[PDB]
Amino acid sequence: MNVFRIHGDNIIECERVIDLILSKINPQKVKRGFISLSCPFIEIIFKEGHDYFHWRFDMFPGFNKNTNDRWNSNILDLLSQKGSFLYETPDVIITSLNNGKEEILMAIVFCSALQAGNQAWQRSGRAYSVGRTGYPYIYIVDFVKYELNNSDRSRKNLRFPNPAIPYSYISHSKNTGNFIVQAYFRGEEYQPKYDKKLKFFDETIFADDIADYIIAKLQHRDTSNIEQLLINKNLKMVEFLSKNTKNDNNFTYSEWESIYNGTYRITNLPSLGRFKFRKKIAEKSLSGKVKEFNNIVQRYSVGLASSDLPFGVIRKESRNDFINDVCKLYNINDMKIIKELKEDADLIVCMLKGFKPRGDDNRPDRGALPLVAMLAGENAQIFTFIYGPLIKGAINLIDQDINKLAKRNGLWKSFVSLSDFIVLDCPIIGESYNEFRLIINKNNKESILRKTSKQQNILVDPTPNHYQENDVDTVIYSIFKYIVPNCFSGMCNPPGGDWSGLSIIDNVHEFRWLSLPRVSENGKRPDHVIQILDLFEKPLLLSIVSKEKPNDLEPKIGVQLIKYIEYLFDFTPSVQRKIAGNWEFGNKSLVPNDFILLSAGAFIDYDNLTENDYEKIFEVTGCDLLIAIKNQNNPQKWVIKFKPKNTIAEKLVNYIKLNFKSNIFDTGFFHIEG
């Protein structure tokens, strides 16, 4: 037998990897259950012709935020040990268990939509940091999903990321020698007959290639050829994007192609200089000598990928003059500092506001230097210019020990790890005029790029410090997705809903609402929506919220869950398909009176609730059902108590009790009190 672990942010992310495997593997036997209270498993017997395989996948939901926060050891330490120095967490890590320890096979990130603008690089630190470890980094995204005006669920026009973002994965792969890729799955809203922006999309960009790659990695087989097919699709996405943008201020596909095939490097393109680097700065952001610094950059710079990306190049042939102008502007007279600035090499200049008016850091700026390092290499000389307001404590730490600031803040960690020179021309909150700093960070950057955490083997123990909201979620998901409907995968019975979308089925169609907001005017997005069709004359939609403790259930949460479903019913489903037949745009609106809507709050309670406490929770939340869960340690069991508010919820409880049976799931790990 072979055992693999799937460490995920939650049970849904873990199960997405299992669904990808089950899309290519058709198993002879499937068994589900728990290896511990927190860790569900799926066991499969399958064959490749005459060759049988027996695999078990043990799932670890909820990552640690430190070394012993939830789990006794942090699986993420395996990434820090290989050079992942940014505080970055993927969605899933898949490991192989051998000789009492875990070995990472890959890191996977799932994204619902191809993000655009600075949101495209906001989390680029993940791909950069995990990419430099040698462990494969797979970014999977749906192409396309429409952004909506939440007021009326009307679709906004499609926006695409700058072609340099998808390209960065390709360049990061080449620079490191590791497999870092962006893969695209056909979204339900990919409808090219209704949107002219998709006219030239090559449908061969859509990735069985991801399931093939995962299975070949699980089998310890050669994946070089599958990797090339995926890289080819990533490149064809850059082709689609660059051929749809204007060539005057952006790299053309033939320029990207000449970099990809190794003819030229991104800084030695023969056409470099046809557009300059022109950073756009809002007039309200200006202070000190920022405008004059931007003029000096635009006097010497050559564009890198796009004229208005927040970075560009100062070629070594112009570096002396650029440095003389900066030194004259900021009164830098120190002979030794000027020599450091005048090193005879190309200089990447990155310009970022960094901070909002109250000195709180810009999230998108965290990915700017990782994006530059993925495109140009981490050893490229980077001059980072910051002009946003700094709180007094931040400039104080810059003057005492910049690494102290980098240790506590992700933005400062990105700046300090990747910049050779950090220049600040910042307003200081509480003071009338800007502060100027010129930090020679070369030696510090070099030290960070060699740093790795303590080498040590990891075997995460399946018993966490304590049981909390991740465990409540795993239990709720297992009961309503596998035990009560009698399913073994995500592709089964009514799909229901979660944070990523809501599906409602009938006798002929599956209707789906995509792009669900966290809140509506009177509603809150449920953690899970369960559809039950064999209980009442009308179908039931059970909306559930999961919390660590009963007092974490907010006032009117039960009513808000129902009102969220009522909000969706006020609009045509995003997409629909015939359960017998392809996804199309939603055509017909659904009727709420055709459904019974109930709400439920789930939590962990160690028998600290009286009849009056339960009465108070019902009054506060308005939930139709409360699900009180508690673990028993000897023998390990989850004891479930279903508390109905009314007669309708009581019928649901009796239904759950009657159907708490399964040929696939080991229900023996549960005890339903009533």
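We number the residues from 1 along the sequence you see.
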{"property": "479-487 set against 411-419, stretch whose average Cα temperature factor tops the other in the entry", "result": "479-487"}
{"property": "Per the entry, higher mean C-alpha B factor between 109-117 and 285-293", "result": "109-117"}
{"property": "Most elevated Cα B-factor in the entry, residues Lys145, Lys316, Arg265, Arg437", "result": "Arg265"}
{"property": "Candidate residues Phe34, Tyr614, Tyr52, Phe63, the one whose C-alpha B factor the record puts highest", "result": "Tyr614"}
{"property": "For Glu43, the third of its chain into which the C-alpha B factor falls", "result": "lowest"}
{"property": "Lowest, middle or highest third - CA B-factor, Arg56", "result": "lowest"}
{"property": "Third assignment of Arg159 from its chain's C-alpha B-factors", "result": "middle"}
{"property": "Third of chain Cα B-factors occupied by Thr452", "result": "highest"}
{"property": "B-factor third for the C-alpha atom of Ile323 within its chain", "result": "middle"}
